[PDB]
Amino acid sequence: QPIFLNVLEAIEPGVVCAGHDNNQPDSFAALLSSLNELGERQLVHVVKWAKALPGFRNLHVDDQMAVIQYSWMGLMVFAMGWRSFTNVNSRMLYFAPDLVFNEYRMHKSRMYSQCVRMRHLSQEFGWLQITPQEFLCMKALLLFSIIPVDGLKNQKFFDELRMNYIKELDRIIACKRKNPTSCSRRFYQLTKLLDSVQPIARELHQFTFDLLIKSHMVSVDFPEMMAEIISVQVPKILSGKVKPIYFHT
């Protein structure tokens, strides 16, 4: 029974630092350059994590890369939200041990409204008493929550994979529950929570896209993979060619 959960717990990424100089004065360029670097570093971990997920290899190679490239933002925000909840009870955004955002940095980063939503998401982990197991399963499901409207190379293997991950999330809920009405209510809350991640990720997508375009003008550096994915994949999302899969309407 614990087979699926054993795996998710086993492959969960450890701590990742951003390499931020917390002894230097906060500035838009410094903060954003550190966040971009952190994205580059976490992307490497997301790639190795995803590749180890049950059944991930069933997907066509090109789709494997695709889902990672479309979902990285939501995945990273979700996990960051969890770190914040567990490390500082959502009081600040715990991006990395060396990059913790307080209200001041939220303002200097010029993405205060987005940070607020992320902190709100972080608060939900508490307001809903999300278990470490529900967290893991929901995070896995977020990798299979955004695809092009024209479908993937092999849409069939993906649908099968997404369906099984929904089944696993349903299994976890029905675990310490014998009441079918309680399970339905918990599933409703979790799916609602999962959906709330997409609007936040889209705001970050728009923001990083605009920032990439004018990076040379604000002294903000974008690592190589980030620059590539944000100029090639993110636009497909912003233009509506690639869309999130919502549980509710």
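Note that residue numbering follows the sequence shown and begins at 1.
When 191 to 199 is weighed against 211 to 219, 211 to 219 comes out higher, by mean CA B-factor as recorded in the entry.
Higher mean CA temperature factor, per the PDB entry, when comparing 101 to 109 with 173 to 181: 173 to 181. In the deposited entry, the Cα temperature factor of residue 3 sits in the top third of values across the chain's modelled residues. In this PDB entry, residue 74 carries a Cα temperature factor that places it within the lowest third of its chain's modelled residues. Remark: residue 65 belongs to the middle third of its chain, ranked by C-alpha B-factor as recorded. Sorting the modelled residues of the chain by their CA temperature factor places residue 27 in the highest third. Ranked by Cα temperature factor within the chain, residue 86 sits in the highest third according to the deposited record.
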